[PDB]
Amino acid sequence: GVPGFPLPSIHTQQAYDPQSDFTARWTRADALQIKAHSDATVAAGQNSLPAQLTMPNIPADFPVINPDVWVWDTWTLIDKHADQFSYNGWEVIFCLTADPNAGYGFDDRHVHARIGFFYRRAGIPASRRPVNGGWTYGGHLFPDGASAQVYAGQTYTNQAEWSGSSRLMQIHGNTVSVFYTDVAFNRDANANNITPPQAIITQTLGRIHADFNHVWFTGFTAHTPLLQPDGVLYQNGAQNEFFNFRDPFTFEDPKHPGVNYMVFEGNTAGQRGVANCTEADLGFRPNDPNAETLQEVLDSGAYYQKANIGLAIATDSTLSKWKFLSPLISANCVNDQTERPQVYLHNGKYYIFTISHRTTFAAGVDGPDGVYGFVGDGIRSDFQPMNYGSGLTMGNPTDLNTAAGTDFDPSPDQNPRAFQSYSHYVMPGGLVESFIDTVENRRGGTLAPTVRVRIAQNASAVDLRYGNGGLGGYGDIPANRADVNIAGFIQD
């Protein structure tokens, strides 16, 4: 109830059938709360965010995970409940990787990304390992031809492997199903698409292995298209050449064993630039003195920002086949990007976490790059945005009062840590891993210090007593469960 700003929308948190068609809305009313709690008295380049929603500062002299590989979106090996498993004594993490010494600049790595994996010994406290994580690099995760099979006999200039998840299919076996986003591009000489990009959510099954020294994989030769945008629940390339569709995360319905769901980044279907946002996407409470009109918001171009978090359900046991369901959350007229959705269980509630960019917010809505959060009573809920009704869980240190800039061209009046990290993922215990983007005109293609957020109902707070003032050591992505498979172990 903050002076001069609209009240946040009302959200019940009530569960709905996941098969139903109810979509929660991260409304303008909700999102505007961010600038409502942003301290407007700060000096140029100081953090205007509320201190408990700010991520600790990353040091300029951070280490690198590996001097020979660029590393960003990073996940690890999880079961159907998102618990993180070591395998026969090893921790493993899967990364979008790229090559520093090939021709291209950090910012153009994306059309080049390859999934790689790192490993290190399990069961060891972070204070006892190298400053840079101790991660030894295993190489590419997939055999070289294999991800491009999805686009065999189509024409493109670039085909890359974008992020997703790795699921331990057998809690004490070795089958892993990697879900990832198999993208293709057809760029002209100025990097413009002559033809709209393709993103296809893809499964590949493979087996993990480990001896005493060394981790490795087998399989990953079969890459099965699972989902691609249909242009009716999820926006496609024909509709918007800049459409988002990626970041598959799967899980077993906790209240229903056997049934599997997946959550992924999307956009609200339809042709780009259609000005079809509704009073519901604005979500103001009746007679609020500070509400905006639908006509104002439209006139301002906000209808260009049309993110959703999508849902799909596996149509059998193998996770090789899936049906789209109505989106879980839309952010029409609020933000174009809700990346890396995950459902997360805590205290018998359901949390959707997703990350976003300051510069994908719609006109007149404003917030940091970082992690945004929603709570409810089920998989499909009338989700309540976290903290002051805003959705903000943990932003990079940002002055919201001054211009944002970019991770390659910083504005002088903005904070040098606005782009310190991205791709935050919330691990059991509320531990948050992420990659370093920009710290004081130092680009990091590398893992950021793991950090912690205590989560309490519809609110959160960064734990300033985690590790070292909140900073928990670089690349710390720890396993809370152990897969001890003696029989595949002796099969080396």
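Position 1 is the first residue in the sequence shown; the rest follow in order.
- When the mean C-alpha temperature factors of 434-442 and 40-48 are read from the deposited coordinates, 434-442 comes out higher.
- Comparing the deposited coordinates for 26-34 and 445-453, the stretch with the larger average C-alpha B-factor is 445-453.
- Sort the modelled residues of the chain by CA B factor and residue 246 lands in the middle third.
- Among all modelled residues in its chain, residue 149 ranks in the middle third by Cα B-factor.
- Residue 426: CA B factor lies in the middle third for its chain, per the PDB record.
- Annotation for residue 75: CA B-factor lies in the middle third of the chain's modelled residues.
- Sort the modelled residues of the chain by CA B factor and residue 172 lands in the highest third.
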